[PDB]
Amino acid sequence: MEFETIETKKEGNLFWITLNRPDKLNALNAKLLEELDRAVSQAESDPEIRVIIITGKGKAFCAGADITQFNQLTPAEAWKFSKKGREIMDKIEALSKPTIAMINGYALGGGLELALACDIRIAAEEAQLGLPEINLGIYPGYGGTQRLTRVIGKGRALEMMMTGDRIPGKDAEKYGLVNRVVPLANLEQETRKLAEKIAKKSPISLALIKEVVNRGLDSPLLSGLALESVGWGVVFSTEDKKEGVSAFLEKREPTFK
């Protein structure tokens, strides 16, 4: 309910998670990652919640991992540290409920890596995005080497990771790093409209779409197609499917409960 480093708001079917360390530009530290994990678990457990939005308080969405940790890591501890925080990102990606990253400002390092773990990214024009970990003599340790490459392609991902350069929102849109950009002033509203569209749909169909997409993409195409087919069987069994098929024939809007 109440957290040191984040704020949570339940708004009907919408769960809003705001990173709340604005003095440190929402830098991810051990506590914030622990709290973000809990919040996301809360949301997944609570059947009122249908869509989760992550955003940042103030100027930054997230400026990265908290560097103060780093000077006292053994290599073996560094491995475990990277794996631990990255596993929080992996949980978010595998969530059975849709997730949106609303990028209001800087999304750098750990910050962009969190955004990459969400299903959909919507950014402000004023947002700046990057993986500046190479500037510290290291490299992205929260999934960025895998997720950025897959999203914008190897050449652009390598140039961003090797130089550490930030790109503007409009460039992120161009490369497909974010689904679209809008002025900061329109961001909350554009995000709310998307989330509310999704929050109307069948929770079970949404969970199956995510499972089938995520698991299928990692597999050979025939194995992903087989997963899609078997899952279609499961969705077909549901009350929301019945509601949906009957709303269509009766020319009304379905209520997917």
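One rule holds for the numbers: they count along the sequence shown, beginning at 1.
Stretches 153 to 161 and 96 to 104 differ in mean C-alpha B factor, with the higher average recorded for 96 to 104. As listed in the deposited structure, the average C-alpha B-factor of 203 to 211 and of 216 to 224 is greater for 203 to 211.
Annotation for residue 63: CA B-factor lies in the highest third of the chain's modelled residues. Sort the modelled residues of the chain by CA B factor and residue 185 lands in the highest third. The PDB entry assigns residue 72 a C-alpha temperature factor belonging to the highest third of its chain's modelled residues. Looking at the C-alpha B-factors along this chain, the one for residue 43 belongs to the highest third. Residue 55: CA B factor lies in the middle third for its chain, per the PDB record.
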